[PDB]
Amino acid sequence: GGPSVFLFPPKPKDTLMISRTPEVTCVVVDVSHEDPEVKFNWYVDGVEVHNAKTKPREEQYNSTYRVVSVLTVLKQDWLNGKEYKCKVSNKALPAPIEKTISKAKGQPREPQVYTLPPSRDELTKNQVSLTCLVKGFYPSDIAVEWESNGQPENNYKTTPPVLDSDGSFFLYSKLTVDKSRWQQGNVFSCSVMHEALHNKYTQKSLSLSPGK
Amino acid sequence: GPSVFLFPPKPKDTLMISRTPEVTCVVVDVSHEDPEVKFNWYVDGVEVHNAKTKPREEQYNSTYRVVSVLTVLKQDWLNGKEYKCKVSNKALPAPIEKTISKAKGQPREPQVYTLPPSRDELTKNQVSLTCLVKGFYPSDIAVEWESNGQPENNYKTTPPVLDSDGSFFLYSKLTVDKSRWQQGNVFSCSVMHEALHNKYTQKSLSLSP
């Protein structure tokens, strides 16, 4: 068998928020007791860098060590499609293993962001479903959040990004509210943030203010 | 051994009156040098064998792959029976194992609402009709759109998401020319699921005053 490697993207939000700290995480699992010593080499765009903070060789419950490496990463670099390569070496593995990871290749595409009121059929229930459609973004990396009057709303769910037919991605996120809350016309709002949005953030609202 | 992979039947195949629900056991990483794979299937640990093994297939990097298929009664799956594929090959260590069956627990019936394009999305030359299916369990479901009882082709359905009450939801997006929205054509989200009365419901959607 032998040691194997995994390369982990930064979180989209890290990637797009003005002070957050984007990281790439290269992990080795199955690192033997007999040959426990592991070498990390990091490359940015084929060229070696040296700023990754390696972490205390943690031992596991099945006779195995796992060591993690965390290169800190400049938002511009990521959004610019640098490639990040993890090179792991073990005394007990013929050649060393390589993982490379980057943002997805292609022209970014701007999300359209439409909020949707719940069915006319659905009013009778005592909970309601507030719908946020996001379509035509590229790449699939995004973050969606709901709120009302400058406060988070934590009863929502978003599907994963779905590969549309014109090559782009759409996705829905559903926030569920006690129906009263929608009787009283509390404005609710869908705050999406993506790389190809201007200011990488837009947000849309909804209440039902009908008749006059 | 190497790898082995059990695979459920498609929702649709199990909810529709005369489909053939089958289960699939792909073996991947079989070596040219010794292949000749065996297969022993069991429903609830018993023994029948209405199963016919695909003759061995092909490669891409000098590596084989085998498959087999067992036709299955649409009630046995729905009632819960467990299904095992004992791929019975020497190669490396010993006989491999995989199990599969339906999600256990009480079928809950799909809420189904059609949502109409937003005021805004109307400044485009294609529009999107939404179909929300929520509150169902288990996740095996199937969704289609239609007009004049002829199927709509340009749509995409999200996979099922675990909601906060242990149920699923998914949305389905049908995408039409803004023009067809105008005329007043009716479009049908057509959902199939075991907890549905008749394993089928459908909602109409139109431009209403």
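Residues displayed in chain B correspond, in order, to Swiss-Prot positions 120-328.
How was it done? The header gives X-ray crystallography, 2.8 Å.
A Cβ is built for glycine as well, from the same backbone N, Cα and C atoms used for every other residue.
Checking the candidates B:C144, B:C308 against Swiss-Prot, the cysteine paired with B:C250 through a disulfide bond is B:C308. Applying an 8 A CB threshold to same-chain residues 6+ apart, the list for B:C250 (disulfide bond) reads B:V231, B:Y232, B:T233, B:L234, B:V262, B:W264, B:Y290, B:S291, B:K292, B:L293, B:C308, B:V310, B:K322, B:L324. DSSP classifies B:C308 (disulfide bond) as strand under the three-state reduction. When other Cβ atoms within 10 Å of the Cβ of B:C204 (disulfide bond) are tallied across all protein chains shown, the result is 26. Looking at B:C144 (disulfide bond) and B:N180 (N-linked glycosylation site), their Cα atoms lie 21 Å from each other. Taking only the Cα positions, the spacing between B:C204 (disulfide bond) and B:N180 (N-linked glycosylation site) is 26 angstrom.
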